[PDB]
Amino acid sequence: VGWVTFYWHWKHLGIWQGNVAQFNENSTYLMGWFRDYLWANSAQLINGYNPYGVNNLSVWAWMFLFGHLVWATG
Amino acid sequence: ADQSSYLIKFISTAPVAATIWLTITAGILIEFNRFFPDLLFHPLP
Amino acid sequence: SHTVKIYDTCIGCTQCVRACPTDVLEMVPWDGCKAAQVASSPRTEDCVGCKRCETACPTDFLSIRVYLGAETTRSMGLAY
Amino acid sequence: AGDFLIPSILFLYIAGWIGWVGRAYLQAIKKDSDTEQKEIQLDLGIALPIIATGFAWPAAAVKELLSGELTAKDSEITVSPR
Amino acid sequence: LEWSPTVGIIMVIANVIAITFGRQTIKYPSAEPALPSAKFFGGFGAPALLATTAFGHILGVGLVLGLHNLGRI
Amino acid sequence: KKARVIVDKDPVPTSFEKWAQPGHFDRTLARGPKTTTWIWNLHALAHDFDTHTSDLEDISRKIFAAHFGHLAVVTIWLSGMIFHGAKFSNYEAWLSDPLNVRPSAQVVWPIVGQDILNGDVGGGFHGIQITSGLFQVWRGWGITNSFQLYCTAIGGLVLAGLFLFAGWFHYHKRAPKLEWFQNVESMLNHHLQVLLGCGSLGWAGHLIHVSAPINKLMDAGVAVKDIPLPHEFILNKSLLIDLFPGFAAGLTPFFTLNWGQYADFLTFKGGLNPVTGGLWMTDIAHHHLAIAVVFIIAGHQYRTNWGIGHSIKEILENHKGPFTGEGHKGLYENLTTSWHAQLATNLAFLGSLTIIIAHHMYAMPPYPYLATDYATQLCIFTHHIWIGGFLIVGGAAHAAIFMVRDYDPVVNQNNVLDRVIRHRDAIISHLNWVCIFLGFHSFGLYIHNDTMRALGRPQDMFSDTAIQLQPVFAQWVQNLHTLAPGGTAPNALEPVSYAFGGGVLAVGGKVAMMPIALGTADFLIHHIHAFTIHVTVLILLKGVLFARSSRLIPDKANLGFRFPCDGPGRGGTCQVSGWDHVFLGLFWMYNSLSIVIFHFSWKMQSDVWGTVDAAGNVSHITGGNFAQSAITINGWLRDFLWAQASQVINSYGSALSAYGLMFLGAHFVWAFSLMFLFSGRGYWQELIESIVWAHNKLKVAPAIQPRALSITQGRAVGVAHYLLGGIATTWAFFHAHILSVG
Amino acid sequence: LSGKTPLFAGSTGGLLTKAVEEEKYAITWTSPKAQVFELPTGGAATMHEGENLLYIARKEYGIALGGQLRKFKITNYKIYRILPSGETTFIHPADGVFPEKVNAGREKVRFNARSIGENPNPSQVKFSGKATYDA
Ligand code: CLA
Ligand code: CLA
Ligand SMILES: CCCCCCCCCCCCCCCC(=O)OC[C@H](COP(=O)(O)OC[C@@H](O)CO)OC(=O)CCCCCCCCCCCCCCC
Ligand SMILES: CC1=C(C/C=C(\C)CCC[C@H](C)CCC[C@H](C)CCCC(C)C)C(=O)c2ccccc2C1=O
Ligand code: SF4
Ligand code: SF4
Ligand code: SF4
């Protein structure tokens, strides 16, 4: 389900911006998934709180780290 | 040449025979792709 | 306690009784094998459940089985 | 045809070569009085004529199939309780 | 530090102190190759003798370099 | 008893007969395989010489021959590295321009597209940039051309073949007896004198005559071709006296103790060379002279054939006291009758020493033009810290193997080993408490900081602009080190390192070393380190103290060192063995050392490394963000892992693309470990049953029957892939970031 | 019970609060000489020449200890269960003969007069007190 929702999300996130070419050109190899989907889209998430301030994505940043902690406690 | 019998039994053992055979196979593929590279598909007439 | 059963495929080689670390097992007289002895488990209240008896058993698909059950102080192996 | 059909035929021929030679070697060594020792130490005098013979694995496989020698019976090989 | 016979006599004094301690408190001072005298030596082996004089050189070099560093010698 | 040479002549005949017999060494493996478990047991038991034979003399002969084989392969490795520096290298182009040519060996052959890895590394050369620092080592050796490297590599090949012949010789022709090995006083005297002191004295001779004149002419900036060959410093003495005027007096001030004449080339300068950023070669020569004299003196402590000296047994028996019973009576018999006890001590202390070497070589960079090469500085630090951690876990493993196999209660009776056994519950429960305390007050402070920063409350954080945790003791120690020249160390000019204080030393516009200021983030991360080491020590010490018995399983030493469990009873007794504690401790060693090398990388890029302005302003690589971002987990996520992995994932279609490939392949191997870690073998054996059915159907079932891996092997494969994947991930990440920003 | 407690300086591995509250065990043996053995709780102790008496937390401790008393050729070891009422029962060996040897007067307990593939299905015994292994 992680594969199917990563796929759904990255394809639609291309459509929602007018850039299907990013998915169509970069999903044939795994670094495109890694870079253009995991690295590129997590940028604004982990800036939900930072040394300069806080915006409305700080719950989701805190939850993101929380989920890493619960997963690794497993 | 009784020691050579033991040597050919050592070559016949599974890791040594595997590394000789796979070295030959990797050498065939590497020397084929030195001379005829970039074959994504078989070209048709 | 746990439950330790013995089936009639026993050949009486005494190895489960030697394997037991808590004296659950013993050898009783019999006429069902050449060795003329079975295993028997009278002290199953002392069974920790460690299944050394099943490891020691040589008959193909064991003549002794441990069925794990209600846990007590002895079966949990607690020294406190 | 060169995109997938030609490499398909080429792979299936080489893979049937490898598999048929391995099957022939395991069947040839199961009668020679210590089978397990000959699996880690290869009989070259048995294996090398088999790897030379393996060019005609499709004809050998079809003759193995029609004569009922390709498969063992379901009553001859082990299973677990249902 | 230019060499003077004060440096020689402090090296000899450190050798005498070290052979004194080597006579007083070595557990096995009589090894196999013994000295020819063994009466002016107190009863030694040659390895115990040159052990004592090597340690006297340790002490003497340390002494003369320390006293040169102070300003005495 | 005296130390002498007694040798059996021709113990074992040289023949290829047993090479045709796999597993000839074990009596249970010599019967041949029935299952595939046999094949893995052949490799698990290949070097377990206690299972080979029960006789300590043949065990010792096997160990002594296998050491020569290992020395042969290490000398082949070293002569290979020197040969690549001779032939496939830009070393001569690097000598002329050490600040702008990147060091490279390993040209890649042009096949399937892989010649993109031949980057423009400068000097008119294409290849892979190297980070092992061999260029700096050959530079500090004074090597000026390729032919000297060819001579060194040929001599290394000769020396490797000579070791390999010595290993053949001392197992088949002339093999020593048992009492030859048990002359530990003789061996300590010879190692401390010849192997350490005479070696360091001969190296001081090389440094005085070859390395220091050639490197002094390099620092003057003459040429690579105008600097003469180093035998013209011995034959023509005027070339020394032009450089080092202390040679005009000759050897007469050495024997007349006028040692201040030699102060030209035996300095105590303290800091770094401002041209290279390395240590002064006269300091290094003087170091090796002092160290050599101390080692030669130290190797006379121990009694041998001539009465004078010490019995180590008599030293150990006198060090008892009122708390510790008999003291160290019996520890001599442990270390002279058990090779595992020796391997435990040497492995633990050699790993601790390599971690010390890693901390010393970043802060006091020895080699010329090493400190400005930030890639080499990162890589050799992290490399030797990993070697340290692995060797320490090995020392714990062999301590536990001693405790299972070679421990004798009759030898160890009311001594310090017997007394630590008899209060092992107190030791382990207090260490449990310590580990929980350190976890709460190291990591919970980061969780506090995360939550306070996310809740919009940065005035409540533990930081430098909020509630402060200053490292007052480490700041005090660094103050004492800054003030040591002229004060407590009067004959030093500059401090030992610039990491404590003394100012920025710039070489080629980049920082060689500058003061490393310590604050709240540094307080927090040093307690992370204390926590993760103490937990690793808890796991390994628990496995060594409970290797023979616990409250749960009394006869644990009957079950061995390496066993999976003792069944699902007693609640379940999985992973009670000492081996399983080594297993669990490898992960915590990994955890600890990953945080150590991450601390290092981000503290250096944030607060040390960087470019120096012509005015004198230091502009760091990550711009001083360690102080406010290393105090949360979100900061370490974003500003360290997310921000610095920009260069390994953008690396395709360039010279660093193999680093991105290794990055993804290492994540693969890491994730692939978890199949082995999270599962057990009943599943895998039952799946193999249906696959063996499909082979029995087509008459392709092998007589060597397929088995799933043993419980111990499944754990071993899981930890080997977990470590391999995680370390290769950090390797590719570090390489691709530091070859781009530094 | 009769016997001298073996000579050692104590350990943290010994008897805890379970001994005074529910159960305590003891092993006695006679030794021909004084010699060093290994305690089940960890550590070296010396057994006395003559009878001995060492208290232990669990029965398994005494069976491990009596297993290593076979290696000193001491085979008269007896194990006692001790309750906080002072009630001492003799448990091992319980018959007087070690259980490896067949002695008469021993009855079968938990014997099933069938092989193990002849147990009933769990659905055949469902919603009753019996298990598939019970007879
Ligand atoms: C003699 C070689 C041989 C042959 C003919 C087969 C045949 C088969 N295997 Mg297979 N297998 C083998 C070796 C072999 N196996 C080995 C060594 C292993 C352990 C790695 C397995 C593990 C394995 C699994 C786990 C599964 C099969 C399955 C199958 C079936 C479907 C084809 C397939 O999935 O292949 C896949 C097989 C592999 C990927 C294994 C690699 C094959 C090796 C590299 C080649 C062996 C050649 C041999 C060593 C050379 C000896 C020659 C002699 C001259 C010395 C088919 C009956 C599947 C099945 O049951 O489906 C119904 C299945 O799930 N195999
Ligand atoms: C992220 C993953 C993770 C975490 C959190 C832990 C946590 C822990 N492991 Mg560990 N472990 C892990 C992965 C992890 N492990 C893995 C992957 C392995 C496999 C090899 C192991 C193997 C292992 C062993 C073998 C050992 C441990 C030990 C420990 C403990 C360390 C000492 C301690 O108490 O620290 C303090 C606890 C923490 C720092 C955890 C976080 C606590 C938070 C910050 C505070 C609580 C927040 C809040 C107040 C809660 C309120 C909740 C709300 C409902 C009100 C701790 C409980 C050791 C142990 O037990 O020693 C005592 C030990 O021996 N673990
Ligand atoms: C493994 C690492 C141990 C470190 C753990 C730290 C806290 C644990 C303390 C637990 C109490 C243990 C009870 C001891 C056992 C006991 O019986 O104590 C008594 C013991 C002395 O015993 P005896 O006098 O019988 O000893 C005589 C013979 O045993 C031979 O010495 O004293 C200690 O060693 C206390 C000192 C330990 C204090 C550790 C000091 C560490 C020094 C660090 C130097 C580092 C470099 C510093 C540079 C600035
Ligand atoms: C996946 C997995 C397996 C399955 C893995 C097995 C059975 C071993 C892996 C198969 C080996 C690698 C096959 C080797 C076969 C031949 C040597 C291949 C020869 C091919 C030639 C070309 C060399 C376990 O057995 C296991 C056991 C205990 C805990 C966890 C696990 C676990 O997670
Ligand atoms: S499970 Fe253990 S205690 Fe129970 S009978 Fe078997 S071996 Fe004995
Ligand atoms: S159950 Fe097994 S070990 Fe026990 S008596 Fe029967 S065959 Fe022997
Ligand atoms: S789950 Fe596995 S390791 Fe654990 S007790 Fe059971 S068989 Fe043993």
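Residues numbered from 1 in each chain as written, not as in the entry; some residues may be left out. Chains lettered and ligands numbered in written order. Part of a larger assembly, values for the part shown. Heavy atoms only, no water. Residues with missing side-chain atoms left out of burial classes, pairs and counts.

Per the PDB record, the structure was determined using cryo-EM to 2.37 Å resolution.

Novice: Would you mind going over the UniProt feature "binding site: [4Fe-4S] cluster 2" in chain C with me for this structure?
Specialist: Annotation from UniProt places "binding site: [4Fe-4S] cluster 2" at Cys 20, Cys 47, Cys 50 and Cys 53 of chain C. Despite a sequence span of 34 residues, these residues sit close together in the fold, their greatest C-alpha distance being 10.6 Å. As for its placement among the helices and strands, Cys 20 of chain C is situated in the loop between helix 1 (15-19) and strand 2 (26-29). Excluding its chain neighbours within four sequence positions, the residues that come into contact with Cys 20 of chain C are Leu 25 of chain C together with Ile 63 of chain G. The exposure class assigned to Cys 53 of chain C is buried, which follows from its relative accessible area of 7%. Discounting chain neighbours no more than four positions away, the residues touching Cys 53 of chain C are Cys 16, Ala 19, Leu 25, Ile 64 and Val 66 of chain C. (UniProt positions renumbered as here; feature names shortened; annotations may be inferred. Helix = DSSP H or I, 4+ residues; strand = E, 2+ residues; numbered from the N terminus. Contact = heavy atoms within 4.5 Å. Buried < 20%, exposed > 50% of the residue type's maximum accessible area, 1.4 Å probe, protein only.)

Novice: What's the story with the UniProt feature "binding site: [4Fe-4S] cluster 1" in chain C in this structure? I'm lost.
Specialist: All names here are of chain C. The positions UniProt marks with the feature "binding site: [4Fe-4S] cluster 1" are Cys 10, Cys 13, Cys 16 and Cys 57. The greatest C-alpha distance among the residues just named is 10.7 Å, despite their covering 48 residues of sequence, which places them together in space. Position of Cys 10 relative to the elements: it lies in the loop between strand 1 (3-7) and helix 1. Among all residues touching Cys 10, those that are not within four sequence positions of it are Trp 30, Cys 33, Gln 37, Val 38, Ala 39 and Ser 63.

Novice: Would you mind going over the site of ligand 1 with me for this structure?
Specialist: The environment of ligand 1 is formed by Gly 19, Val 21, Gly 22, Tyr 25, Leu 42 and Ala 47 of chain D together with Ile 691, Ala 694, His 695 and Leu 698 of chain F. Near ligand 1, the surrounding residues belong to chains D and F. The separation between a nitrogen atom of ligand 1 and a polar side-chain atom of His 695 of chain F is 3.0 Å. Mapped by element, the contributors of at least two residues to the shell around ligand 1 are helix 1 (5-29) of chain D together with helix 26 (681-697) of chain F. (Near = heavy atom within 4 Å. Polar contact = N/O pair within 3.5 Å; in protein donor to acceptor, adjacent residues only side chain to side chain.)

Novice: Looking at this model, I keep getting lost on the site of ligand 3. Mind explaining?
Specialist: Residue and element names in this part refer to chain F. Around ligand 3 sit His 319, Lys 320, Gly 321, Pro 322, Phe 323, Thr 324 and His 328, and those are all the residues in its vicinity. Between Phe 323 and ligand 3, the recorded distance is 3.0 Å, taken from a backbone N or O atom to an oxygen atom. At 2.6 Å from an oxygen atom of ligand 3 is found a side-chain nitrogen or oxygen belonging to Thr 324. Protein coverage of the free-state accessible area of ligand 3, which is 1,200 Å², stands at 18%. Here the shell around ligand 3 is built from residues that sort into two nonpolar, four polar and one charged. (Areas by Shrake-Rupley, 256 points an atom, 1.4 Å probe, with all protein chains shown as cover. Nonpolar A, V, L, I, M, F, W, Y, C, P; charged D, E, K, R; others polar.)

Novice: Looking at this model, I keep getting lost on the sheet that holds strand 4 (residues 50-56) of chain G. Mind explaining?
Specialist: Sheet strands pair by backbone hydrogen bonding; their relative direction is either parallel or antiparallel. All names here are of chain G. If you trace the four strands from one edge of the open sheet to the other, you get 4-1-5-6, paired in antiparallel fashion. The sheet terminates laterally at strand 4 and strand 6 (88-92), the two strands that pair on one side only. Within this sheet the neighbouring strands show an average axis-to-axis angle of 30°, counted without direction. Across five bridges, strand 1 (residues 24-31) lies against strand 5 (residues 78-82) in antiparallel orientation. Looking across to strand 5, one finds that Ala 26 is bridged to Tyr 80. (Pairing = 2+ DSSP bridges. Axes fitted to C-alpha atoms, helices over the stretch in contact; angles between N-to-C directions.)

Novice: Which parts of the structure should I look at to understand the packing of helix 4 (residues 58-73) of chain A against helix 17 (residues 424-454) of chain F?
Specialist: When two helices pack together, their arrangement is captured by the angle between the axes and the distance separating the axes. One can describe the packing of helix 4 of chain A onto helix 17 of chain F by two numbers: an axis separation of 9 Å at closest approach and a directional angle of 160°. Put simply, helix 4 of chain A runs roughly antiparallel to helix 17 of chain F. Judged by the sense of rotation from one axis to the other, the crossing of helix 4 of chain A with helix 17 of chain F is left-handed. Residue-level contacts link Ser 58, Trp 62, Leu 65 and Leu 69 of chain A of helix 4 of chain A to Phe 443, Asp 450, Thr 451 and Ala 454 of chain F of helix 17 of chain F. (Parallel < 35°, antiparallel > 145°, perpendicular 65-115°, else oblique. Left-handed = near helix turned anticlockwise from the far one by under 90°.)

Novice: What is the right way to look at the sheet that holds strand 1 of chain C in this model?
Specialist: Across the sheet, three strands lie side by side as 4(C)-1(C)-7(G); this open sheet has mixed pairing. Every other strand in the sheet has two partners, leaving strand 4 (64-67) of chain C together with strand 7 (111-112) of chain G as the edge strands with one partner each. Bridging between strand 1 of chain C and strand 4 of chain C involves four bridges; their strand directions are antiparallel. If you follow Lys 5 of chain C over to strand 4 of chain C, its bridge partner there is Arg 65 of chain C.

Novice: It is not clear to me how the side chain of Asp 639 of chain F should be interpreted in this structure. Could you clarify?
Specialist: All names here are of chain F. Within the secondary structure layout, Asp 639 lies in helix 23 (residues 633-644). By relative accessible area, which is 18% here, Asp 639 ends up buried. Apart from the residues within four sequence positions on either side, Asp 639 is in contact with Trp 602, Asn 625, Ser 629, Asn 634 and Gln 644.

Novice: Would you take a moment to explain the interface of chain B and chain F for this structure?
Specialist: Quoted interface sizes are often the accessible area lost when the parts come together. If you look at the interface, chain B gives nine residues, while chain F gives eight residues. Between chain B and chain F, roughly 760 Å² of surface is buried when both sides are summed, and carbon and sulfur atoms account for 74% of that area. The three residues of chain B that bury the most area against chain F are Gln 3, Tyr 6 and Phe 10 of chain B, which together make up 54% of that side's buried surface. Taken together, chain B and chain F are joined by zero salt bridges. At the surface where chain B touches chain F, the tally comes to one residue pair in polar contact. At the level of elements, helix 1 (2-11) and helix 2 (14-35) of chain B are the ones that each hand at least two residues to the side of chain B that touches chain F. For the side of chain B that touches chain F, the element with the most residues is helix 1 of chain B, which contributes five residues. (Buried area = accessible area lost by both parts, 1.4 Å probe. Salt bridge = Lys/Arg side-chain N within 4 Å of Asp/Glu carboxyl O.)

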